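Please read the structure below before turning to the comments.
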Amino acid sequence: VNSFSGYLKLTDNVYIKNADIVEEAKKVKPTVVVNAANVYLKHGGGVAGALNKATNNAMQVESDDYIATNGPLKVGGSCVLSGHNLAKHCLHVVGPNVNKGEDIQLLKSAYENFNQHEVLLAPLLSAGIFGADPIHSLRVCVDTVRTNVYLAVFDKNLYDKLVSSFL
Ligand SMILES: Fc1ccc2c(c1)[nH]c1ncnc(N[C@@H]3CCOC3)c12
Ligand SMILES: [Cl-]
């Protein structure tokens, strides 16, 4: 039993809700919140901009030190950093950005990072400003993630479309 409330169950391990991931993280304080990161951990907009803003820029400060030490992530890769006031940990995961020409096949690799954590609160990778089809992202999530994932979808119209079209 966990504290996630109001989710629709899609499969044995995948759950979905129309919610603002920032507000969901602040309420649940999950062990892991997933950020829709880029390789530079520059949290300017989309989910990343919103999560970072909610940490009063502490996420960005920590991220800049991480990059200065380690260099950029790989597309499809991830790193674990602090969750600040939102979660115990933040798993920064880089899905391919279609608006940069990146291979959509890398979306499966990106979701594989979730399997290193038993339970996660997450957005749909590569959705929103990353330019991929969210219906496809949900399909890859369900077919790749085996651990327990709670998906927060900000847009109500999109949430209803994802549920109604789910096979
Ligand atoms: F300021 C922002 C900007 C983007 C998001 C945000 C707050 N909170 C989010 N929570 C979950 N998923 C998100 N990204 C996808 C976009 C379409 O539906 C889901 C966002
Ligand atoms: Cl977005």
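For the structure tokens, the naming scheme is as follows: chains receive sequential letters (A, B, ...) according to their order of presentation, residues are indexed from 1 within each chain, and ligands are indexed from 1 in presentation order.
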
For the contact check between segment 97-163 of chain A and segment 70-79 of chain A, emit one row per residue of segment 97-163 of chain A within 9 Å, containing the shortest atom pair and the distance in Å rounded to one decimal, counting only C-alpha atoms, chain then rising number order, as a tab-separated table.
```
residue	atom	partner	partner_atom	distance
A:97	CA	A:75	CA	8.7
A:102	CA	A:75	CA	8.2
A:106	CA	A:76	CA	5.5
A:107	CA	A:76	CA	6.5
A:108	CA	A:76	CA	7.8
A:109	CA	A:76	CA	5.1
A:110	CA	A:76	CA	4.0
A:111	CA	A:76	CA	7.8
A:112	CA	A:76	CA	8.5
A:113	CA	A:78	CA	6.7
```

Can you build me a table of chain A residues sitting at most 8 Å from ligand 1, with the closest atom pair per residue and its distance in Å to one decimal, using only C-alpha atoms and all ligand atoms, sorted by chain and residue number, as JSON lines?
```
{"residue": "A:19", "atom": "CA", "partner": "ligand 1", "partner_atom_place_in_ligand_line": "10 (N)", "distance": 6.3}
{"residue": "A:20", "atom": "CA", "partner": "ligand 1", "partner_atom_place_in_ligand_line": "10 (N)", "distance": 4.2}
{"residue": "A:21", "atom": "CA", "partner": "ligand 1", "partner_atom_place_in_ligand_line": "10 (N)", "distance": 3.9}
{"residue": "A:22", "atom": "CA", "partner": "ligand 1", "partner_atom_place_in_ligand_line": "8 (N)", "distance": 5.9}
{"residue": "A:45", "atom": "CA", "partner": "ligand 1", "partner_atom_place_in_ligand_line": "3 (C)", "distance": 6.5}
{"residue": "A:46", "atom": "CA", "partner": "ligand 1", "partner_atom_place_in_ligand_line": "3 (C)", "distance": 3.8}
{"residue": "A:47", "atom": "CA", "partner": "ligand 1", "partner_atom_place_in_ligand_line": "5 (C)", "distance": 4.0}
{"residue": "A:48", "atom": "CA", "partner": "ligand 1", "partner_atom_place_in_ligand_line": "3 (C)", "distance": 7.4}
{"residue": "A:49", "atom": "CA", "partner": "ligand 1", "partner_atom_place_in_ligand_line": "1 (F)", "distance": 6.4}
{"residue": "A:50", "atom": "CA", "partner": "ligand 1", "partner_atom_place_in_ligand_line": "1 (F)", "distance": 4.4}
{"residue": "A:51", "atom": "CA", "partner": "ligand 1", "partner_atom_place_in_ligand_line": "7 (C)", "distance": 7.3}
{"residue": "A:122", "atom": "CA", "partner": "ligand 1", "partner_atom_place_in_ligand_line": "11 (C)", "distance": 7.4}
{"residue": "A:123", "atom": "CA", "partner": "ligand 1", "partner_atom_place_in_ligand_line": "12 (N)", "distance": 4.6}
{"residue": "A:124", "atom": "CA", "partner": "ligand 1", "partner_atom_place_in_ligand_line": "19 (C)", "distance": 6.4}
{"residue": "A:127", "atom": "CA", "partner": "ligand 1", "partner_atom_place_in_ligand_line": "15 (C)", "distance": 5.6}
{"residue": "A:128", "atom": "CA", "partner": "ligand 1", "partner_atom_place_in_ligand_line": "16 (C)", "distance": 4.0}
{"residue": "A:129", "atom": "CA", "partner": "ligand 1", "partner_atom_place_in_ligand_line": "16 (C)", "distance": 7.3}
{"residue": "A:134", "atom": "CA", "partner": "ligand 1", "partner_atom_place_in_ligand_line": "18 (O)", "distance": 7.8}
{"residue": "A:151", "atom": "CA", "partner": "ligand 1", "partner_atom_place_in_ligand_line": "11 (C)", "distance": 7.7}
{"residue": "A:152", "atom": "CA", "partner": "ligand 1", "partner_atom_place_in_ligand_line": "11 (C)", "distance": 4.8}
{"residue": "A:153", "atom": "CA", "partner": "ligand 1", "partner_atom_place_in_ligand_line": "19 (C)", "distance": 4.1}
{"residue": "A:154", "atom": "CA", "partner": "ligand 1", "partner_atom_place_in_ligand_line": "11 (C)", "distance": 4.4}
{"residue": "A:155", "atom": "CA", "partner": "ligand 1", "partner_atom_place_in_ligand_line": "18 (O)", "distance": 4.7}
{"residue": "A:156", "atom": "CA", "partner": "ligand 1", "partner_atom_place_in_ligand_line": "18 (O)", "distance": 7.9}
{"residue": "A:158", "atom": "CA", "partner": "ligand 1", "partner_atom_place_in_ligand_line": "18 (O)", "distance": 6.3}
{"residue": "A:159", "atom": "CA", "partner": "ligand 1", "partner_atom_place_in_ligand_line": "18 (O)", "distance": 7.3}
```

Handout entry: Distance criterion (only C-alpha atoms): nearest to residue 144 of chain A out of A:85, A:13, A:55, A:2
Key =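 Using only C-alpha atoms, the shortest distance to residue 144 of chain A belongs to A:13.
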
Exercise for the section: Identify which of the residues A:27, A:17, A:92, A:139 lies closest to residue 40 of chain A, counting only C-alpha atoms when measuring atom-to-atom distances. Expected result: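 Under the stated criterion, the closest residue is A:92.
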
Practice task
Pick out the closest residue to residue 14 of chain A from this set: A:68, A:34, A:141, A:94. Count only C-alpha atoms.
Solution key: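 Smallest distance to residue 14 of chain A is found for A:141.
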
Practice task
Name the closest residue to ligand 2 among the candidates A:82, A:5, A:35, A:105; distances are taken between atoms, counting only C-alpha atoms and all ligand atoms.
Solution key: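 Checking each candidate against ligand 2, we get A:35 as the closest.
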
Exercise for the section: Enumerate, as number ranges by chain, the complete set of residues in segment 56-132 of chain A that a backbone-based DSSP assignment places in strand (DSSP E or B). Expected result: A: 78-82, 89-93, 119-122

Restricting it to N, CA, C and O atoms, dump the selection as a compact mmCIF listing (two decimals), in the first residue's frame.
```
# COMPACT_ATOMS: atom_id res chain seq x y z
N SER A 78 20.22 8.78 -17.52
CA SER A 78 19.63 9.36 -16.33
C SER A 78 20.71 9.57 -15.27
O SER A 78 21.81 9.01 -15.35
N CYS A 79 20.36 10.37 -14.27
CA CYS A 79 21.13 10.43 -13.05
C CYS A 79 20.17 10.67 -11.89
O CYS A 79 19.08 11.22 -12.07
N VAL A 80 20.58 10.22 -10.71
CA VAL A 80 19.83 10.42 -9.48
C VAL A 80 20.43 11.60 -8.73
O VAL A 80 21.62 11.60 -8.40
N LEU A 81 19.60 12.60 -8.45
CA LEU A 81 20.00 13.75 -7.65
C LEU A 81 18.97 13.93 -6.54
O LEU A 81 18.04 13.12 -6.38
N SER A 82 19.13 14.99 -5.76
CA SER A 82 18.20 15.25 -4.68
C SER A 82 16.80 15.55 -5.21
O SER A 82 16.63 16.15 -6.27
N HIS A 89 14.32 11.70 -3.80
CA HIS A 89 15.24 11.73 -4.92
C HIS A 89 14.52 12.23 -6.16
O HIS A 89 13.31 12.03 -6.32
N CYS A 90 15.28 12.86 -7.05
CA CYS A 90 14.82 13.14 -8.40
C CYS A 90 15.64 12.31 -9.38
O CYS A 90 16.87 12.42 -9.41
N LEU A 91 14.96 11.48 -10.17
CA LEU A 91 15.58 10.76 -11.27
C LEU A 91 15.43 11.62 -12.52
O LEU A 91 14.33 11.76 -13.07
N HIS A 92 16.54 12.23 -12.95
CA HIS A 92 16.55 13.05 -14.15
C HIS A 92 16.74 12.12 -15.33
O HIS A 92 17.79 11.48 -15.46
N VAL A 93 15.73 12.00 -16.19
CA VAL A 93 15.75 11.07 -17.32
C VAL A 93 15.66 11.87 -18.61
O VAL A 93 14.78 12.73 -18.74
N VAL A 119 9.24 2.25 -7.09
CA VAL A 119 8.05 3.09 -7.22
C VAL A 119 8.49 4.48 -7.66
O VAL A 119 9.44 5.04 -7.09
N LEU A 120 7.78 5.07 -8.62
CA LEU A 120 8.12 6.40 -9.12
C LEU A 120 6.87 7.18 -9.46
O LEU A 120 5.88 6.63 -9.94
N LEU A 121 6.94 8.50 -9.24
CA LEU A 121 6.02 9.47 -9.81
C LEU A 121 6.70 10.07 -11.04
O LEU A 121 7.84 10.53 -10.94
N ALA A 122 6.01 10.09 -12.18
CA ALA A 122 6.69 10.44 -13.41
C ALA A 122 5.77 11.13 -14.40
O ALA A 122 4.55 10.90 -14.39
```

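Picture a line from atom CA of residue 133 of chain A to atom CA of residue 104 of chain A; it runs 10.0 Å.
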
Problem - Among the residues A:117, A:103, A:36, A:167, the one that comes closest to ligand 2 [using only C-alpha atoms and all ligand atoms] - result: A:36

Problem - Residue nearest residue 126 of chain A - candidates A:99, A:57, A:164, A:147, atoms counted: only C-alpha atoms - result: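 Checking each candidate against residue 126 of chain A, we get A:99 as the closest.
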
Practice task
Take atom CA of residue 30 of chain A and atom CA of residue 88 of chain A and report the distance between them in Å, one decimal.
Solution key: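 Atom CA of residue 30 of chain A sits 6.6 Å away from atom CA of residue 88 of chain A.
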
Exercise for the section: Name the residues of segment 13-143 of chain A that come out as helix (DSSP H, G or I) in a backbone DSSP run; write them as a PyMOL selection string. Expected result: chain A and resi 21-28+46-54+58-70+98-100+106-116+128-130+134-143

Problem - Close residues, residue 166 of chain A itself excluded, 9 Å, only C-alpha atoms, min 6 positions apart in chain, as a PyMOL selection string - result: chain A and resi 10+135+138-139

Practice task
Show which residues sit within 8 Å of residue 4 of chain A, as a PyMOL selection string. Count only C-alpha atoms, and ignore same-chain residues fewer than 2 positions away.
Solution key: chain A and resi 2+6-7+28+150
